[PDB]
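In the form deposited in one PDB entry, a lone chain appears below as structure tokens.
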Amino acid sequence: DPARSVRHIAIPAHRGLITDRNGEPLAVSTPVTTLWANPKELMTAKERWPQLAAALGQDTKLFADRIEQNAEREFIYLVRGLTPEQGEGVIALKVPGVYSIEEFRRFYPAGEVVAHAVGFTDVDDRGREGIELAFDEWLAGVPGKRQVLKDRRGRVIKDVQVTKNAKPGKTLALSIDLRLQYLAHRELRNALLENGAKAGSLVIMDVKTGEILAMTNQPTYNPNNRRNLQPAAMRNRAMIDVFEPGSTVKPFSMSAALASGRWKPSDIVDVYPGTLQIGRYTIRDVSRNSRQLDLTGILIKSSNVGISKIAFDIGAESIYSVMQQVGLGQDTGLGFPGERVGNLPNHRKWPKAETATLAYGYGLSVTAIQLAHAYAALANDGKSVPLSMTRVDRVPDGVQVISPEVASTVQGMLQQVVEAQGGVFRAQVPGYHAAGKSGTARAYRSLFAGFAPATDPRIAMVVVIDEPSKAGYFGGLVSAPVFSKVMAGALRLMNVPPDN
């Protein structure tokens, strides 16, 4: 057993600050006090152990058994993450082999409000979830190195040389606007309990820059106190969970129709008697007191029969292509942990049943992020700007995925869906023209997807509410009023001029 030893040891680096887009702190590394011990030294001072046990709130017997069972080790933790006062209280006992060191611990000042986006670090300040993990290399910095001389008990007797200084991690500014994030968090929360709903997500996106301005989910958790949390509570559902978008994808079906050369908005479809058999299967409308509807009316009344007949005429392939081009069932490139691509199925032959289901948004699966990104492209005159979770100063070129005229026509139809008699009037945003589409999917999921202001769009938004429990479960009743409140608040905070 050696009389001395020499060891190159790590100098930990200070982890980078995560901020919102305006520099509001979301994740900050602050010094906590850690007490550790060298048992080989403790073993020389047993009369001090009970005083030490007491100061640590430990039973004297269990503490003594712990030191005895570790008699051959040079390192154990006593307690991690005290205040300096708490440290100095123990250090005042002057117990041999007991030492304090300051180490960095993440604090999350907004806690539950941004937990799913920001994620968290382990006790070693390593990014283990969300942005903390996705940008770990950026935030972590580079540990330094130094050479210590240790005596026969592994006690540090000299600092010989520093070979490398630590390099701190880098500041990261998210795209999130904490002001919009708090507004969404609170409104989605108020909505959940108003409808006795299980779970929900809300996404707000900048249609010009591709930036995620808000991303909230219920349920949530306090990342500063992760003791006894539900595993459900930690899911970033907006990126992690996939659902059938139902009627919210009808604007893409319609984009394919207006692009085909075969359809204009004042064209007519006969949807009487509100059902359509195709062999074994029957397509069914919620409301079944219509015969002739124009394409705008097909959206206002959300007629499954109407969108299905259009889809038969233009063919599923045209609709599939629009949905693929606006990013449905495609990688976002965000690289967020557990992030889902979902499923936009393909066929060589599209039979009539698959053709109809695709057109009204059954048999495909998307994330809330994806559905928001598609509404952003439609709102941005058919140009998709690539998605960002980080502040965008230099906006990359977007890709024209829907012709500008077709996008402009579908925008106007979606404004009528909100503004017209029989429309989703609860989605109306006071002072503004707004546009979007309600959806309901299967126990129900309640959807609203929209953008505003209609005259020069700035913001796309998706509200998803899981299993509302009141007699009203339609997207137009459950999700639309949340869209209204949050869209109103977000446009005021962003100083967007009233267009109505």
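Counting begins at 1, following the sequence as shown. Between two forms, the rigid core is defined as the largest C-alpha subset superposing within 1.5 Å. Shifts are known only where both forms have a C-alpha.
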> Checking the other entries of this protein that model its neighbours, is residue 471 missing in at least a third?
Replying inline: yes
>> For the step residue 442 to residue 443, what size class fits the number of deposited residues with no coordinates, none, 1 to 3, 4 to 9, or 10 or more?
In response: 10 or more
> Should the higher mean CA B-factor in the entry be assigned to 71-79 or to 295-303?
Replying inline: 71-79
> If you average the CA temperature factors over each stretch, which comes out higher, 93-101 or 366-374?
Replying inline: 93-101
> Looking at 391, 250, 116, 158, which has the highest Cα B-factor in the entry?
Replying inline: 158
>> Among the choices 197, 269, 184, 402, identify the one whose CA B-factor in the record is greatest.
In response: 197
> Split the chain's modelled residues into thirds by Cα B-factor; is residue 16 in the lowest, middle or highest one?
Replying inline: lowest
> Should residue 148 be placed in the lowest, middle or highest third of its chain by the C-alpha B factor in the entry?
Replying inline: highest
> What third of its chain's C-alpha B-factors does residue 473 belong to: lowest, middle or highest?
Replying inline: highest
> When the modelled residues of the chain are sorted by Cα temperature factor, does residue 60 land in the lowest, middle or highest third?
Replying inline: highest
>> Split into thirds by Cα B-factor across the chain's modelled residues, where does residue 465 land: lowest, middle or highest?
In response: middle
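This protein has a second form, the form deposited in another entry, left out of what is shown; the following refers to that one.
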> Upon rigid core superposition, which of the listed residues (406, 305, 326, 78) is displaced by 2 angstroms or more at its Cα between this form and the one not shown?
Replying inline: 78
> Quick one: core overlaid, is residue 151 moving 2 Å or more at the Cα between this form and the one not shown?
Replying inline: yes
> Comparing between this form and the one not shown on the rigid core, is the C-alpha shift at residue 232 2 Å or larger?
Replying inline: no
> So with the core overlaid, does the Cα of residue 99 end up 2 Å or more away between this form and the one not shown?
Replying inline: yes
> Tell me, which consecutive runs of three or more residues change place between this form and the one not shown by 2 Å or more at the CA, with the core overlaid?
Replying inline: 4-13, 31-103, 141-167
